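**Q** What follows is start-v8.pdb, PDB, C-alpha atoms (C1' of nucleotides).
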MODEL        1
ATOM      1  CA  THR A 153      80.055 121.746  65.301
ATOM      2  CA  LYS A 154      82.755 123.681  63.407
ATOM      3  CA  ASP A 155      84.915 125.968  65.598
ATOM      4  CA  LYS A 156      87.655 128.624  65.350
ATOM      5  CA  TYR A 157      85.608 130.786  64.289
ATOM      6  CA  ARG A 158      84.657 130.939  60.602
ATOM      7  CA  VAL A 159      86.418 129.670  57.459
ATOM      8  CA  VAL A 160      86.459 131.428  54.050
ATOM      9  CA  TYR A 161      85.353 129.129  51.279
ATOM     10  CA  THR A 162      87.428 129.046  48.109
ATOM     11  CA  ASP A 163      86.121 130.633  44.911
ATOM     12  CA  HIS A 164      85.857 127.059  43.481
ATOM     13  CA  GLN A 165      83.934 125.798  46.454
ATOM     14  CA  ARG A 166      81.501 128.665  46.137
ATOM     15  CA  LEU A 167      81.125 128.118  42.385
ATOM     16  CA  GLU A 168      80.058 124.491  42.721
ATOM     17  CA  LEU A 169      77.642 125.418  45.484
ATOM     18  CA  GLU A 170      76.042 128.174  43.379
ATOM     19  CA  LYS A 171      75.757 125.754  40.454
ATOM     20  CA  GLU A 172      74.130 123.105  42.574
ATOM     21  CA  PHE A 173      71.876 125.777  44.067
ATOM     22  CA  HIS A 174      70.712 126.669  40.555
ATOM     23  CA  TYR A 175      70.094 122.970  39.927
ATOM     24  CA  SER A 176      67.803 122.908  43.038
ATOM     25  CA  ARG A 177      66.995 125.230  46.008
ATOM     26  CA  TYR A 178      67.000 122.392  48.562
ATOM     27  CA  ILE A 179      69.677 119.828  48.508
ATOM     28  CA  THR A 180      69.050 116.120  48.993
ATOM     29  CA  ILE A 181      70.793 114.091  51.587
ATOM     30  CA  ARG A 182      72.460 112.156  48.733
ATOM     31  CA  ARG A 183      73.597 115.268  46.835
ATOM     32  CA  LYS A 184      74.727 116.876  50.093
ATOM     33  CA  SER A 185      76.988 113.925  50.659
ATOM     34  CA  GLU A 186      78.388 114.050  47.023
ATOM     35  CA  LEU A 187      79.041 117.779  47.166
ATOM     36  CA  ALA A 188      80.684 117.708  50.602
ATOM     37  CA  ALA A 189      82.991 114.925  49.491
ATOM     38  CA  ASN A 190      83.946 116.586  46.195
ATOM     39  CA  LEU A 191      84.345 120.055  47.755
ATOM     40  CA  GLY A 192      86.295 119.295  50.899
ATOM     41  CA  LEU A 193      83.707 120.555  53.365
ATOM     42  CA  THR A 194      81.459 118.816  55.746
ATOM     43  CA  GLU A 195      77.888 117.714  55.106
ATOM     44  CA  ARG A 196      76.870 120.061  57.880
ATOM     45  CA  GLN A 197      78.682 122.963  56.287
ATOM     46  CA  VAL A 198      76.991 122.256  53.020
ATOM     47  CA  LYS A 199      73.623 122.090  54.779
ATOM     48  CA  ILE A 200      74.222 125.307  56.533
ATOM     49  CA  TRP A 201      75.503 127.122  53.489
ATOM     50  CA  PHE A 202      72.314 126.253  51.670
ATOM     51  CA  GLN A 203      70.307 127.526  54.539
ATOM     52  CA  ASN A 204      72.239 130.829  54.578
ATOM     53  CA  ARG A 205      71.931 131.231  50.808
ATOM     54  CA  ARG A 206      68.127 130.944  51.058
ATOM     55  CA  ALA A 207      68.187 133.646  53.766
ATOM     56  CA  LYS A 208      70.308 135.883  51.645
ATOM     57  CA  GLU A 209      67.807 135.369  48.857
ATOM     58  CA  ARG A 210      64.893 136.285  51.113
ATOM     59  CA  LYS A 211      66.803 139.342  52.270
ATOM     60  CA  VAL A 212      67.575 140.465  48.652
ATOM     61  CA  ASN A 213      63.931 139.868  47.681
ATOM     62  CA  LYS A 214      62.512 142.038  50.502
ATOM     63  CA  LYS A 215      64.831 144.806  49.298
TER      64      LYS A 215
ATOM     65  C1'  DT B   1      95.723 152.679  56.866
ATOM     66  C1'  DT B   2      91.238 153.114  59.434
ATOM     67  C1'  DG B   3      86.329 154.155  59.468
ATOM     68  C1'  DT B   4      82.287 152.142  57.833
ATOM     69  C1'  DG B   5      78.797 149.630  55.714
ATOM     70  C1'  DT B   6      78.049 144.880  53.554
ATOM     71  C1'  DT B   7      78.847 140.057  53.162
ATOM     72  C1'  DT B   8      80.030 135.728  54.697
ATOM     73  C1'  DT B   9      80.277 131.422  58.007
ATOM     74  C1'  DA B  10      78.311 129.446  62.000
ATOM     75  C1'  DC B  11      75.522 129.474  65.886
ATOM     76  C1'  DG B  12      71.306 128.656  69.095
ATOM     77  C1'  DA B  13      66.124 129.161  69.716
ATOM     78  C1'  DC B  14      62.085 127.897  68.334
ATOM     79  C1'  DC B  15      58.926 125.682  64.664
ATOM     80  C1'  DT B  16      57.358 121.920  61.504
ATOM     81  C1'  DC B  17      57.371 117.699  59.758
TER      82       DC B  17
ATOM     83  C1'  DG C   1      65.252 114.384  66.722
ATOM     84  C1'  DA C   2      66.277 115.207  61.676
ATOM     85  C1'  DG C   3      65.945 119.447  59.256
ATOM     86  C1'  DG C   4      63.725 124.321  58.717
ATOM     87  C1'  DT C   5      63.560 129.683  59.260
ATOM     88  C1'  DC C   6      65.284 133.737  61.334
ATOM     89  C1'  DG C   7      67.859 136.968  64.141
ATOM     90  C1'  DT C   8      72.732 137.597  65.401
ATOM     91  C1'  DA C   9      78.108 137.499  65.989
ATOM     92  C1'  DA C  10      82.250 138.163  64.400
ATOM     93  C1'  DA C  11      85.495 137.643  60.948
ATOM     94  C1'  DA C  12      86.384 138.836  56.275
ATOM     95  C1'  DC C  13      85.753 142.130  52.693
ATOM     96  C1'  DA C  14      85.285 146.445  49.739
ATOM     97  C1'  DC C  15      87.199 150.773  49.348
ATOM     98  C1'  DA C  16      86.635 156.111  49.979
ATOM     99  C1'  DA C  17      88.352 159.107  53.043
TER     100       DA C  17
ENDMDL
END
Take the structure from the file and write it as structure tokens.

**A**
Amino acid sequence: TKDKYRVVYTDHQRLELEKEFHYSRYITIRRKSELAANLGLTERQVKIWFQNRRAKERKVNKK
DNA sequence: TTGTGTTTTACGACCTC
DNA sequence: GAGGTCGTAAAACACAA
């Protein structure tokens, strides 16, 4: 768990994550571990962010 | 500045596998 | 039991009023 109470991710951190997301919708356990390490976040955070991004996409698509 | 509507992290519940 | 969606909180944001 990750607590007090949410962090803002840097413009760079977001950029990499968007790029990776365009590379593939679902991140591999390997990739997850690369990305976390290069971006200065946790594996869990990277997991979660990818889950939120997919929900955002579903939400934009419904609209 | 603050009211407000939208986005962004992060969770817990339940589901699938 | 790892991850998944999905509904939700609250903090951060945009920015017109």

**Q** Report, in Å to a single decimal, how far apart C1' of residue 7 (chain C) and CA of residue 210 (chain A) are.

**A**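 We find that CA of residue 210 (chain A) and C1' of residue 7 (chain C) lie 13.4 Å from each other.
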
**Q** Set the distance at 10 Å and use all atoms listed in the file: which residues neighbour residue 10 (chain C) once local chain neighbours fewer than 2 positions away are removed? I'd like the list as JSON, numbers by chain.

**A** {"A": [157, 158], "B": [9, 10], "C": [8, 12]}

**Q** At a cut-off of 9 Å, which residues of chain A touch chain B? Count only C-alpha atoms (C1' of nucleotides) and give the answer as a list in words.

**A**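 For chain A, the answer reads residues 153, 154, 155, 157, 158, 159, 160, 161, 197, 200, 201 and 204 of chain A.
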
**Q** Mind pulling up the distance from CA of residue 206 (chain A) to CA of residue 186 (chain A)?

**A** 20.2 Å

**Q** What's the separation between CA of residue 178 (chain A) and CA of residue 202 (chain A), in Å to one decimal place?

**A**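 Taking CA of residue 178 (chain A) and CA of residue 202 (chain A), their separation equals 7.3 Å.
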
**Q** Around region 179-188 of chain A, fit a box with edges along x, y and z, padding it by 3 Å on each side, then list its centre and edge lengths in Å to one decimal as JSON.

**A**
{"center_x": 74.9, "center_y": 116.0, "center_z": 49.2, "size_x": 17.6, "size_y": 13.7, "size_z": 10.8}

**Q** Could you spell out the hits of the PyMOL selection byres ((chain C) within 12 of (chain A)) on the shown file, as a PyMOL selection string?

**A** chain C and resi 2-7+9-13

**Q** Find the residues with any atom within 8 Å of (68.2, 130.2, 45.2); use all atoms listed in the file and the coordinates as given in the file, and write the answer as a list in words.

**A** residues 173, 174, 176, 177, 205, 206 and 209 of chain A

**Q** Output the selection as a short mmCIF file (atom, residue, chain, number, x, y, z; two decimals), keeping the file's coordinate frame - C-alpha atoms for each residue.

**A**
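Contents of part36.cif, freshly written:
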data_model
loop_
_atom_site.label_atom_id
_atom_site.label_comp_id
_atom_site.auth_asym_id
_atom_site.auth_seq_id
_atom_site.Cartn_x
_atom_site.Cartn_y
_atom_site.Cartn_z
CA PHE A 173 71.88 125.78 44.07
CA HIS A 174 70.71 126.67 40.56
CA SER A 176 67.80 122.91 43.04
CA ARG A 177 67.00 125.23 46.01
CA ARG A 205 71.93 131.23 50.81
CA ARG A 206 68.13 130.94 51.06
CA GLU A 209 67.81 135.37 48.86
#

**Q** Quick one: residues within 12 Å of (90.3, 119.4, 51.5) (file frame), counting all atoms listed in the file, please, as a ChimeraX atom specification.

**A** /A:161-162,164-165,188-194

**Q** Please produce region 185-211 of chain A, completed to N, CA, C and O atoms, as a PDB file, in the frame of the given file.

**A**
ATOM      1  N   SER A 185      75.826 114.782  50.410  1.00  0.00           N
ATOM      2  CA  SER A 185      76.988 113.925  50.659  1.00  0.00           C
ATOM      3  C   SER A 185      78.013 113.926  49.460  1.00  0.00           C
ATOM      4  O   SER A 185      79.245 113.908  49.691  1.00  0.00           O
ATOM      5  N   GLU A 186      77.506 113.940  48.224  1.00  0.00           N
ATOM      6  CA  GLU A 186      78.388 114.050  47.023  1.00  0.00           C
ATOM      7  C   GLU A 186      79.201 115.342  47.137  1.00  0.00           C
ATOM      8  O   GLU A 186      80.438 115.354  47.368  1.00  0.00           O
ATOM      9  N   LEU A 187      78.467 116.437  47.072  1.00  0.00           N
ATOM     10  CA  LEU A 187      79.041 117.779  47.166  1.00  0.00           C
ATOM     11  C   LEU A 187      80.033 117.929  48.272  1.00  0.00           C
ATOM     12  O   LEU A 187      81.146 118.434  48.010  1.00  0.00           O
ATOM     13  N   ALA A 188      79.678 117.539  49.496  1.00  0.00           N
ATOM     14  CA  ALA A 188      80.684 117.708  50.602  1.00  0.00           C
ATOM     15  C   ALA A 188      82.009 117.009  50.230  1.00  0.00           C
ATOM     16  O   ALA A 188      83.135 117.583  50.327  1.00  0.00           O
ATOM     17  N   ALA A 189      81.853 115.777  49.766  1.00  0.00           N
ATOM     18  CA  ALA A 189      82.991 114.925  49.491  1.00  0.00           C
ATOM     19  C   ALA A 189      83.819 115.545  48.359  1.00  0.00           C
ATOM     20  O   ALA A 189      85.025 115.670  48.484  1.00  0.00           O
ATOM     21  N   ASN A 190      83.178 116.006  47.299  1.00  0.00           N
ATOM     22  CA  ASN A 190      83.946 116.586  46.195  1.00  0.00           C
ATOM     23  C   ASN A 190      84.510 117.958  46.568  1.00  0.00           C
ATOM     24  O   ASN A 190      85.509 118.355  46.018  1.00  0.00           O
ATOM     25  N   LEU A 191      83.895 118.680  47.495  1.00  0.00           N
ATOM     26  CA  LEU A 191      84.345 120.055  47.755  1.00  0.00           C
ATOM     27  C   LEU A 191      85.240 120.227  48.930  1.00  0.00           C
ATOM     28  O   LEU A 191      85.742 121.313  49.133  1.00  0.00           O
ATOM     29  N   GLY A 192      85.385 119.203  49.760  1.00  0.00           N
ATOM     30  CA  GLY A 192      86.295 119.295  50.899  1.00  0.00           C
ATOM     31  C   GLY A 192      85.670 120.193  51.954  1.00  0.00           C
ATOM     32  O   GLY A 192      86.280 121.141  52.407  1.00  0.00           O
ATOM     33  N   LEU A 193      84.419 119.916  52.268  1.00  0.00           N
ATOM     34  CA  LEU A 193      83.707 120.555  53.365  1.00  0.00           C
ATOM     35  C   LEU A 193      82.952 119.454  54.006  1.00  0.00           C
ATOM     36  O   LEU A 193      82.792 118.393  53.410  1.00  0.00           O
ATOM     37  N   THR A 194      82.363 119.742  55.135  1.00  0.00           N
ATOM     38  CA  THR A 194      81.459 118.816  55.746  1.00  0.00           C
ATOM     39  C   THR A 194      79.977 118.914  55.287  1.00  0.00           C
ATOM     40  O   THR A 194      79.454 119.996  54.912  1.00  0.00           O
ATOM     41  N   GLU A 195      79.275 117.808  55.443  1.00  0.00           N
ATOM     42  CA  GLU A 195      77.888 117.714  55.106  1.00  0.00           C
ATOM     43  C   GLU A 195      77.139 118.810  55.823  1.00  0.00           C
ATOM     44  O   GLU A 195      76.267 119.489  55.265  1.00  0.00           O
ATOM     45  N   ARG A 196      77.542 119.038  57.065  1.00  0.00           N
ATOM     46  CA  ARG A 196      76.870 120.061  57.880  1.00  0.00           C
ATOM     47  C   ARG A 196      77.115 121.433  57.294  1.00  0.00           C
ATOM     48  O   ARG A 196      76.195 122.275  57.127  1.00  0.00           O
ATOM     49  N   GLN A 197      78.344 121.665  56.898  1.00  0.00           N
ATOM     50  CA  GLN A 197      78.682 122.963  56.287  1.00  0.00           C
ATOM     51  C   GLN A 197      77.872 123.171  55.010  1.00  0.00           C
ATOM     52  O   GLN A 197      77.329 124.252  54.733  1.00  0.00           O
ATOM     53  N   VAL A 198      77.741 122.118  54.233  1.00  0.00           N
ATOM     54  CA  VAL A 198      76.991 122.256  53.020  1.00  0.00           C
ATOM     55  C   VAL A 198      75.552 122.520  53.368  1.00  0.00           C
ATOM     56  O   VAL A 198      74.956 123.381  52.762  1.00  0.00           O
ATOM     57  N   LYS A 199      74.999 121.795  54.335  1.00  0.00           N
ATOM     58  CA  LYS A 199      73.623 122.090  54.779  1.00  0.00           C
ATOM     59  C   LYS A 199      73.408 123.543  55.099  1.00  0.00           C
ATOM     60  O   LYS A 199      72.615 124.306  54.471  1.00  0.00           O
ATOM     61  N   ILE A 200      74.297 123.983  55.962  1.00  0.00           N
ATOM     62  CA  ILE A 200      74.222 125.307  56.533  1.00  0.00           C
ATOM     63  C   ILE A 200      74.347 126.328  55.456  1.00  0.00           C
ATOM     64  O   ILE A 200      73.674 127.367  55.460  1.00  0.00           O
ATOM     65  N   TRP A 201      75.248 126.092  54.525  1.00  0.00           N
ATOM     66  CA  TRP A 201      75.503 127.122  53.489  1.00  0.00           C
ATOM     67  C   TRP A 201      74.241 127.307  52.679  1.00  0.00           C
ATOM     68  O   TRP A 201      73.823 128.433  52.380  1.00  0.00           O
ATOM     69  N   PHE A 202      73.565 126.191  52.406  1.00  0.00           N
ATOM     70  CA  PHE A 202      72.314 126.253  51.670  1.00  0.00           C
ATOM     71  C   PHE A 202      71.267 126.964  52.486  1.00  0.00           C
ATOM     72  O   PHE A 202      70.517 127.873  51.997  1.00  0.00           O
ATOM     73  N   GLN A 203      71.238 126.679  53.772  1.00  0.00           N
ATOM     74  CA  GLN A 203      70.307 127.526  54.539  1.00  0.00           C
ATOM     75  C   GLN A 203      70.643 129.010  54.488  1.00  0.00           C
ATOM     76  O   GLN A 203      69.779 129.811  54.143  1.00  0.00           O
ATOM     77  N   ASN A 204      71.898 129.389  54.661  1.00  0.00           N
ATOM     78  CA  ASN A 204      72.239 130.829  54.578  1.00  0.00           C
ATOM     79  C   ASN A 204      71.901 131.451  53.210  1.00  0.00           C
ATOM     80  O   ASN A 204      71.329 132.564  53.092  1.00  0.00           O
ATOM     81  N   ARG A 205      72.177 130.710  52.162  1.00  0.00           N
ATOM     82  CA  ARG A 205      71.931 131.231  50.808  1.00  0.00           C
ATOM     83  C   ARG A 205      70.421 131.558  50.607  1.00  0.00           C
ATOM     84  O   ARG A 205      70.061 132.639  50.092  1.00  0.00           O
ATOM     85  N   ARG A 206      69.558 130.665  51.095  1.00  0.00           N
ATOM     86  CA  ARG A 206      68.127 130.944  51.058  1.00  0.00           C
ATOM     87  C   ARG A 206      67.799 132.192  51.886  1.00  0.00           C
ATOM     88  O   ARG A 206      66.917 133.027  51.525  1.00  0.00           O
ATOM     89  N   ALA A 207      68.496 132.393  52.990  1.00  0.00           N
ATOM     90  CA  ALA A 207      68.187 133.646  53.766  1.00  0.00           C
ATOM     91  C   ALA A 207      68.660 134.935  53.095  1.00  0.00           C
ATOM     92  O   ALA A 207      68.040 136.070  53.176  1.00  0.00           O
ATOM     93  N   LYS A 208      69.778 134.797  52.417  1.00  0.00           N
ATOM     94  CA  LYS A 208      70.308 135.883  51.645  1.00  0.00           C
ATOM     95  C   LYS A 208      69.292 136.184  50.565  1.00  0.00           C
ATOM     96  O   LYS A 208      69.029 137.363  50.274  1.00  0.00           O
ATOM     97  N   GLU A 209      68.748 135.137  49.941  1.00  0.00           N
ATOM     98  CA  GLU A 209      67.807 135.369  48.857  1.00  0.00           C
ATOM     99  C   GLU A 209      66.558 136.071  49.440  1.00  0.00           C
ATOM    100  O   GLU A 209      66.052 137.095  48.908  1.00  0.00           O
ATOM    101  N   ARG A 210      66.078 135.578  50.571  1.00  0.00           N
ATOM    102  CA  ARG A 210      64.893 136.285  51.113  1.00  0.00           C
ATOM    103  C   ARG A 210      65.170 137.779  51.392  1.00  0.00           C
ATOM    104  O   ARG A 210      64.356 138.701  51.078  1.00  0.00           O
ATOM    105  N   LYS A 211      66.345 137.989  51.970  1.00  0.00           N
ATOM    106  CA  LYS A 211      66.803 139.342  52.270  1.00  0.00           C
ATOM    107  C   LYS A 211      66.937 140.204  51.012  1.00  0.00           C
ATOM    108  O   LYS A 211      66.434 141.276  50.962  1.00  0.00           O
TER     109      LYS A 211
END
